[PDB]
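First the structure, in the form of structure tokens, and then the observations on it.
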Amino acid sequence: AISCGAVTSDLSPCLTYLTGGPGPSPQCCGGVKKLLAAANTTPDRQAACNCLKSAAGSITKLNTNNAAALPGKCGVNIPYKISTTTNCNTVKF
Ligand SMILES: CCCCCCCCCCCCCCCC(=O)OC[C@@H](O)COP(=O)([O-])OC[C@H](O)CO
């Protein structure tokens, strides 16, 4: 497992670019790597994603476009097509 508070917090500086703002900024990428670097386990990734998935539902300016390219533009391994409708609960490590 992991700390949900750390999941969304790590995307603090990313929220901007994720909300349609400019980016991904250099300060944002820093957290993205730390967040993904932590989710090395199965139960760690499921919670991490789900955590952001819920906190994203309460957002109206959420730009799914910046969310998918967020980890990509930051040079990160993610063969996933990034789908907010995807069940992160059925994901492995
Ligand atoms: C790291 C693992 C892979 C990530 C997969 C990425 C694909 C999904 C990305 C979809 C977008 C999710 C992120 C939304 C941005 C965000 O979560 O901001 C955090 C902020 O809204 C606070 O979240 P909270 O602490 O849960 O606060 C919730 C409160 O209801 C909001 O008013």
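Under the authors' numbering, the first residue of the sequence shown carries the number 1, and numbering increases by one thereafter.
Ideal placement from N, C-alpha and C gives every residue a C-beta, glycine not left out.
Of the listed residues the options, nearest to residue i (C-alpha basis)
{"i": "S3", "options": "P43, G23, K33, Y17", "result": "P43"}
{"i": "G21", "options": "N87, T85, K61, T86", "result": "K61"}
{"i": "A6", "options": "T19, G23, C49", "result": "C49"}
{"i": "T64", "options": "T90, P13, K33, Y17", "result": "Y17"}
{"i": "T86", "options": "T41, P24, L52", "result": "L52"}
{"i": "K33", "options": "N89, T90, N77, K92", "result": "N77"}
{"i": "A69", "options": "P24, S58, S12", "result": "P24"}
Residue i beta carbon near ligand 3 (any heavy atom closer than 8 Å)
{"i": "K53", "result": "Of the ligands this structure carries, namely ligand 1, none is ligand 3."}
Rounded C-alpha distance that separates residue i from residue j
{"i": "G72", "j": "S9", "result": "19 Å"}
Just to confirm the assignment: which complete beta strand (DSSP E) runs, minimum length 3, are found wholly within the segment 21-49?
Contiguous beta strand (DSSP E) elements confined to the segment 21-49 do not occur, taking only those with 3 or more residues.
Counting beta carbon pairs with one atom in the segment 28-35 and one in the segment 80-88, are three or more of them shorter than 8 Å?
With the cut-off at 8 Å, the segment 80-88 and the segment 28-35 do not touch.
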